[PDB]
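Below is one structure, written out as C-alpha cells; the observations come after it.
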Amino acid sequence: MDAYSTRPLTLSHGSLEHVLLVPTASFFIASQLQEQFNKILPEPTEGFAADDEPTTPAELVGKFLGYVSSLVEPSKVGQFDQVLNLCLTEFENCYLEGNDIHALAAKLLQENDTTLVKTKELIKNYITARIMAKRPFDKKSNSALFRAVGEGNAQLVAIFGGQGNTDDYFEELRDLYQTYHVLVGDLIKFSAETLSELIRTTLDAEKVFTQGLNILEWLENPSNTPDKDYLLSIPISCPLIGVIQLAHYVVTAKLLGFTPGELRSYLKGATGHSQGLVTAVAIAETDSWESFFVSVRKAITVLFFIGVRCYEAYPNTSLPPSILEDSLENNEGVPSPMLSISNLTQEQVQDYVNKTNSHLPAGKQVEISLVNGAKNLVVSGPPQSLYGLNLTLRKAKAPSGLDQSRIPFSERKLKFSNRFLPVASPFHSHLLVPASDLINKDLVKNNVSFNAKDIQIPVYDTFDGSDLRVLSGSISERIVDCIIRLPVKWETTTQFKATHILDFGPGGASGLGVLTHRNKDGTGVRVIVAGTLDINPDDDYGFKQXXXXXXXXXXXXXXXXXXXXXXXXXXXXX
C-alpha cells in the first residue's frame, strides 16, 4: 500500500485477500480531517494531528484501524482482527526493530518534529493496536539496560514520592489513563471501584468528599471534573497519587513483559516518601496479577484512610485575603500550610523557626517538615503562622542584587527561595497526631491492614534505612507515625548501595526523582517513569525502560578518573 498525506510509507500489498479489505482503511484513513490536516502541512509542515514523522502515518492507520478494529478481543473476525496484524509486525520492521516503541519515541524528541503530544499519541497507537487482538504484551524477553541487575553489572532501587512538586496530581493520572488505555484500565477501574466503596463503608467519609469522588468519568469527559483546587485536597489526592505510581510500576511491568514479582525481583531498594512509602511497602511483596490486585487494595485503603482522617485534624482553613495579597506580592504565593526553604542549612532553618514559635501559642507553632537534600528543608504548620515566619524570613534575605562584585564572604548576605508547595495538608506535623493513631485502628478495622514478614526486598524507612522489618510495631502503625508525625531526613533514608534508582515519583521531573539525584553526584543514574522529555544525559528517564544498546552510567566523583602514576621507557616517574 501507501499511507499518504504527502509522506509515503510502503504497506506491502497484502495481495488480493488483503488489498480489498484494505482500502476500507485507505479512504477511511483518508478521513476528511486528514486531507485538510495535510494541507496545513505542505507549508506549515505537519501543523498538527499526525504526519509529524515520515513513519508516523503507520500510527493512525495502524491505530484508527487498531481501534474501530475488533472492538473486542473476541475477534470481530478477520475484518479488523488480522488485517490489523499484517501491518502490526509490518510496523515492527521499519524504525523500531523490537527495541520498543517507547524507545522509538526518542527518535522523535530529538530527530524530527520536537513534539510531545505527537509522540504520546504515537505510543497509544501502538500499544493499544498491539493488545487489540493478537501480539499481547507478553514475550517476557527484553533488550538490555536491565540485564544489568541480573548479571551483577548493576543494582536497581525503587522509590515513590508524594505531594511532589506538582499542583496537578490528576493531570498525571488522566494523562496516564488516556496515554495507555490498555496498560492500566485495571488499577484504574479497580482502584475506582475500590475507593468508591471505602466511602459508604466508612459512613461519615461522605461529608468529606463533597465533590463526588466518581474518579471514573473524571477521565472520559473532564467536562465536569471537580475543580483543580480540591482535586488536590488530602482525601482523594492521597489515593489517586499512589494509584499513579502504582499504575506506572504496573506499566513499568506489563510493558517489560513481567509481573509485580518479576519486578519486586530485579531490585533491592524500594523506598517511598511519606505518601510514597505506603506504595513501596505494598509493592515489595507482589507476585502475579492475581495477588498483585488485593495488594493494591492495601495501599489504596491505606492512603485513603490516612487522608480521610488526617483531614479531620486541621482541615483547609478559610484563608485570609488580608494575607493573600501581601504574600502574593513578595510572590511567595499560595500561602499553603507547608514551605520549601531551599538553599540553606538546618539549625539556620531552625533558629528562625524557634524565635517564631517562641511568642506563638503552642498549637499554632511549627515543625521542620522535611530534610530532603543537604540544603532543601520543607517546614509546615497552620496555613497562617507559616507566612508569619516568611515575615521575619523575608527581612534578612537579600534581593539577589550584586554584592560579591566587591568582597563578599565576610559581610555578604544570604539568598533563599521561600515558596510553598501543592499540599492541602500539613504532613509530618505537630497537629496531625490526635487523629493519627485512629487510622492505625482504622487499618485493622478492614481485614487488610497487615504487611507481615512478606517483605521481599529491604524497603528502607522514613527514618533510618532498616528493612522496616523489625516487627514490634506491625509496620502498619509505623508507616503512620513516620508520616503523620516524624520527619524524613531523606539523605538518611537513601544511604543506598545503588547504580540506578527507579522513581515512579508522582508525575514529572519534580517528584523526588531528581532531588534524590541532587544530594548525590557521582553514583546512581536515577531514571523516572512517565514523561519522555529529556535534557543532557544527566538523569535520563521514561525511556530507559525498554532501551536497547544504551546503558546508564553517571560517572563516580572519585572513582571516575582519580589521581594516578606511571614511568618512562627510560625509567622516570610521573
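In the C-alpha cells, the first chain shown is A, the next is B, and so on; residue numbers restart at 1 for each chain, and ligands run from 1 in the order shown.
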Query raised in the report: Leaving out residue 35 of chain A and any residue of its chain fewer than 6 positions from it, which residues lie within 12 Å of it when counting only C-alpha atoms, given as a VMD selection string?
Result: chain A and resid 4 to 6 27 to 29 41 to 42 46 48 to 51
Requested in this report: Identify all residues of segment 246-275 of chain A in alpha helix (DSSP H) (DSSP on the backbone) and supply them as an MDAnalysis selection string.
Outcome: chainID A and resid 246:256 260:265
Using the selection just defined, write its residues with C-alpha atoms as an mmCIF file, in the first residue's frame.
```cif
data_model
loop_
_atom_site.group_PDB
_atom_site.id
_atom_site.type_symbol
_atom_site.label_atom_id
_atom_site.label_comp_id
_atom_site.auth_asym_id
_atom_site.auth_seq_id
_atom_site.Cartn_x
_atom_site.Cartn_y
_atom_site.Cartn_z
ATOM 1 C CA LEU A 246 1.232 2.028 41.189
ATOM 2 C CA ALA A 247 -0.226 2.325 37.691
ATOM 3 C CA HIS A 248 3.290 3.105 36.494
ATOM 4 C CA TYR A 249 5.056 0.312 38.364
ATOM 5 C CA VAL A 250 2.348 -1.592 36.502
ATOM 6 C CA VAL A 251 3.130 -0.141 33.104
ATOM 7 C CA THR A 252 6.787 -0.439 34.070
ATOM 8 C CA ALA A 253 5.711 -4.047 34.452
ATOM 9 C CA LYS A 254 3.162 -5.015 31.774
ATOM 10 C CA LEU A 255 5.492 -3.275 29.298
ATOM 11 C CA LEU A 256 8.629 -5.033 30.479
ATOM 12 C CA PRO A 260 4.887 -7.437 40.040
ATOM 13 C CA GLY A 261 7.077 -10.318 41.134
ATOM 14 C CA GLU A 262 9.325 -10.176 38.094
ATOM 15 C CA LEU A 263 9.916 -6.633 39.328
ATOM 16 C CA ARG A 264 9.863 -6.867 43.135
ATOM 17 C CA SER A 265 12.534 -9.135 41.710
#
```
Report task. Go through A:339, A:509, A:154, A:515 one by one, measure the shortest atom-to-atom distance of each to residue 374 of chain A using only C-alpha atoms, and give the residue with the smallest value. Result -> A:515
Query - Contacts of residue 508 of chain A at 9 Å (only C-alpha atoms; same-chain gap of 6+ positions) as a list in words - result: residues 165, 166, 172, 528, 529, 530 and 531 of chain A
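With only C-alpha atoms as the atoms that count, the residue of A:494, A:295, A:418, A:380 with the shortest distance to residue 330 of chain A is A:418.
Minimum distance to residue 350 of chain A across A:338, A:377, A:483, A:65 (counting only C-alpha atoms) occurs at A:377.
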Would you write out, as JSON lines, a table of all residues in segment 179-229 of chain A that have an atom no more than 9 Å from an atom of segment 115-133 of chain A, listing for each the closest atom pair and the distance in Å to one decimal, considering only C-alpha atoms and ordering rows by chain and rising residue number?
```
{"residue": "A:179", "atom": "CA", "partner": "A:124", "partner_atom": "CA", "distance": 5.8}
{"residue": "A:180", "atom": "CA", "partner": "A:124", "partner_atom": "CA", "distance": 5.6}
{"residue": "A:181", "atom": "CA", "partner": "A:128", "partner_atom": "CA", "distance": 6.9}
{"residue": "A:182", "atom": "CA", "partner": "A:128", "partner_atom": "CA", "distance": 6.0}
{"residue": "A:183", "atom": "CA", "partner": "A:127", "partner_atom": "CA", "distance": 8.4}
```
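Residues surrounding residue 416 of chain A within 12 Å are residues 332, 339, 340, 341, 342, 343, 344, 345, 348, 349, 375, 376, 377, 390, 393, 394, 395, 396, 397, 398, 399, 400, 413 and 419 of chain A [only C-alpha atoms; sequence separation below 3 positions excluded].
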Find the residues of segment 390-505 of chain A that sit at most 12 Å from segment 222-229 of chain A; for each, write down the nearest two atoms and how far apart they are in Å, to one decimal. Count only C-alpha atoms. Sort by chain, then by number going up, and give it as a Markdown table.
```
| residue | atom | partner | partner_atom | distance |
| --- | --- | --- | --- | --- |
| A:422 | CA | A:229 | CA | 9.8 |
| A:423 | CA | A:229 | CA | 10.4 |
| A:424 | CA | A:229 | CA | 9.2 |
```
Selected residues written out, N, CA, C and O atoms, as a compact mmCIF listing (two decimals), in the first residue's frame:
```txt
# COMPACT_ATOMS: atom_id res chain seq x y z
N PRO A 422 2.29 22.39 46.59
CA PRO A 422 0.93 21.93 46.29
C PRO A 422 0.53 20.84 47.28
O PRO A 422 0.63 19.64 46.98
N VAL A 423 0.10 21.25 48.47
CA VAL A 423 -0.29 20.31 49.52
C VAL A 423 -1.33 20.92 50.45
O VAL A 423 -1.02 21.79 51.26
N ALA A 424 -2.56 20.45 50.33
CA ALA A 424 -3.63 20.96 51.17
C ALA A 424 -3.35 20.77 52.66
O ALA A 424 -3.71 21.62 53.48
```
Query raised in the report: Which residues come within 9 Å of segment 499-504 of chain A, counting only C-alpha atoms, excluding same-chain residues fewer than 6 positions away, as an NGL selection string?
Result: :A and (154-161 or 244-246 or 248-249 or 252 or 269-270 or 511-514 or 516 or 523-530 or 541 or 552-554)
Report task. Considering only C-alpha atoms, return as number ranges by chain whatever protein or nucleic-acid residues lie within 10 Å of residue 412 of chain A, sequence-local ones (same chain, fewer than 3 positions apart) excluded. Result -> A: 398, 402-404, 406-409, 415
Store the residues of this selection in a file with N, CA, C and O atoms, as a short mmCIF file (atom, residue, chain, number, x, y, z; two decimals), in the first residue's frame.
```cif
data_model
loop_
_atom_site.label_atom_id
_atom_site.label_comp_id
_atom_site.auth_asym_id
_atom_site.auth_seq_id
_atom_site.Cartn_x
_atom_site.Cartn_y
_atom_site.Cartn_z
N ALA A 398 18.44 38.66 51.05
CA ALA A 398 18.98 39.64 50.12
C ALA A 398 18.26 39.53 48.77
O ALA A 398 17.99 38.42 48.29
N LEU A 402 23.78 42.04 43.05
CA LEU A 402 25.24 42.03 43.18
C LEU A 402 25.76 42.67 44.45
O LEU A 402 25.43 43.81 44.75
N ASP A 403 26.59 41.92 45.17
CA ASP A 403 27.19 42.41 46.41
C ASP A 403 28.57 41.76 46.55
O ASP A 403 29.43 42.25 47.30
N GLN A 404 28.76 40.67 45.82
CA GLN A 404 30.04 39.96 45.82
C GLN A 404 30.92 40.72 44.84
O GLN A 404 32.15 40.64 44.90
N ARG A 406 32.04 43.19 44.96
CA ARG A 406 33.09 43.79 45.78
C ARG A 406 33.10 43.12 47.16
O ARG A 406 32.25 43.40 48.01
N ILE A 407 34.09 42.24 47.35
CA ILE A 407 34.29 41.44 48.57
C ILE A 407 33.01 41.06 49.31
O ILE A 407 32.32 41.90 49.89
N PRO A 408 32.69 39.75 49.29
CA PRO A 408 31.53 39.12 49.91
C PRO A 408 31.87 38.37 51.19
O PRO A 408 32.05 38.96 52.25
N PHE A 409 31.94 37.04 51.07
CA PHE A 409 32.24 36.15 52.18
C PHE A 409 32.97 36.86 53.30
O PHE A 409 34.20 36.92 53.33
N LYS A 415 20.88 34.18 50.48
CA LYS A 415 19.93 34.10 49.38
C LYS A 415 18.99 32.91 49.65
O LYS A 415 19.41 31.90 50.20
#
```
Report task. Determine, counting only C-alpha atoms, which protein, DNA and RNA residues have an atom within 12 Å of an atom of residue 432 of chain A; residues of the same chain fewer than 4 positions away are not included. Present the result as a PyMOL selection string. Result -> chain A and resi 306-307+309-315+363+366-367+369+380-382+425-428+436-439+480-486
Query raised in the report: What are the DSSP strand (DSSP E) residues of segment 302-461 of chain A, as a PyMOL selection string?
Result: chain A and resi 339-340+378-379
